[PDB]
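Here we start with a single chain on its own, the form deposited in one PDB entry, put down as structure tokens.
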């Protein structure tokens, strides 16, 4: 049958549905139940009375804008393995939890007391998350950890107590632990006893203890006098399995090399937001990490200091397994070749990260002297022409890839974005490696590209030129990049805005391998001499955020064939072009090779459906966010349409038998359908419709809805998502309830 209120694929997706109590209509065979972001206020032993096969329960953020849990409310669920109770304003750990629990997360509550009565019986616990309960300027209490409360959990592998006021590492920790998170715990001193027996530990996070608070984007409290964290010389002597060490924001001025004497597997060392400029120049500890792969030393700048060069110790040459060196926020003016000599013979160093250093000039000749550089990240510098925090993410840096993977996959990547290379000189890219991926976005480049600017790096396959002010006055622009496959020219509207200047786009045709071209948000409304775009290779063209409403206006025919010359085109995005109307000849001149057409977010008051006959490969047609009022009677016009997106229009009536042929996905949500008559379901053929979206329609829940209700019951192969949002607008006794909950 059709599940309600949840969607059961056995997991029951039942989140964000404005539920006020645990639904009693959940299938008795569900394995995992996700009830997050609902308005649930109480949990008793009757709430999950019929779901004894439950292993995972998600009750995060309830009620959405506290959660009362009775003692033993979960006790009857003897298969409950994972219980997520985040953002519930819980004042205590819930009493009488099932001993079958292996993962429990109480992140972001008001729990200031970790008691034996609450935790010391869940001896099967492997992951325990208690982070973010008392932090910053929250009015809260210092965390009380009963002596030996974790001593019972002999199978505990992960313990997270970060962002609580602990002041001391808890004693009597089980030696089964592999990951210990103690970030922002006000722990000023690490004794020799604190981790004496954790011989299985692979991760240790002591970040944010005695923090560096200058320019902190959060309420920050330094240790007395901004002193360093006090780590005993033998505090790590038995952590021989450690792979991850996070010492970010611990006010370190000196790194004791003896910390790593017995740490042969250390792979990632985080040292952000310290005062390690002197250690970077000396680096006695660097001798001890020949297996280290990632070293983050970012934001160690000295306040008010803008040195001429970066001082990299020669001992960086001992990091023989280094693959990624992160040196953001060191702040220096010039990168000379000899400054990076200690790094030039590392065999696996493929990522160098020098973002946000206010570097004025770089001798790009030095990057060729490297063994295996794959990612050169120089974004956000000063190079000139030649609750607030996600508790489940990294706190001191974003974890997204430095360069988009679609660009980095082509080969070596150079990122010069967010600088002020406002024009490319003739020798800007001399003595560089064979760059395949180049990011020059947001440089305010206003120059006329002619066909020589990228001659020194002619093998670029993916070129990012977004957010500039490029001046297209040469038909030979970018033609020296004959192997170019992806070109991004989004947000270059500066000169396209001005009618009096020339706009030449003819260079598009001089490419044999160009596949992806993005001209979005350029305000294109006039072109010079050649009015048509032409390419025999181009596969995808993104033309959103332009003025096709002007290019195709009724008193102008020069642009009637603007896209016809894109003979290989399969994907075309015409969204956000302010189109109230598409001339029939202009639509008929779109490439017949199209398989995907987006005309969403315009102002289309009418769509000529019969013209679809000239597009036998059209699988996807996107017309969401328009003002369409009518559908065609005999959709005779296509045998290829698999997806029809029509949400946010003004359709008030559905044609007879519309629910067609190869249509598998039909989106009619957010329209003006009051009902779906029996005429629309009087289909001859057997339907292949697998998803039909109808939420947001002002359905009239009288007796006339019964014919469509039975159609739903007959076709359970047609998945109707968000049935809780397919809501009756009429009559008053049904306004607010789902159409599936009537007589």
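Positions refer to the first chain, counted from 1.
Keep in mind that the form solved in complex with a small molecule is missing from the display, and what follows is about it.
Between the options 189, 244, 531, 136, the residue in contact with the small molecule in the bound PDB entry by a heavy atom within 4.5 angstroms is 244.
With the partner omitted here, the residue from 624, 126, 326, 642 that has a non-hydrogen atom within 4.5 angstroms of the small molecule in the bound PDB entry is 326. Shown here without its partner, the chain carries 294, 397 and 401, all of which come within 4.5 Å of the small molecule in the bound PDB entry through at least one heavy atom. In summary, the region of this chain contacting the small molecule in the bound PDB entry, judged by heavy atoms within 4.5 Å and restricted to 551-559, 668-676, 643-651, 294-302, corresponds to 294-302. The small molecule is not drawn, but in the bound PDB entry it has no heavy atom within 4.5 Å of residue 172. The small molecule is not shown here, and in the bound PDB entry it never comes within 4.5 Å of any heavy atom of residue 253. Among residues of the shown chain, residue 589 is not one whose heavy atoms approach the small molecule to within 4.5 Å in the bound PDB entry. Using a 4.5 angstroms threshold between heavy atoms, residue 168 stays clear of the small molecule in the bound PDB entry.
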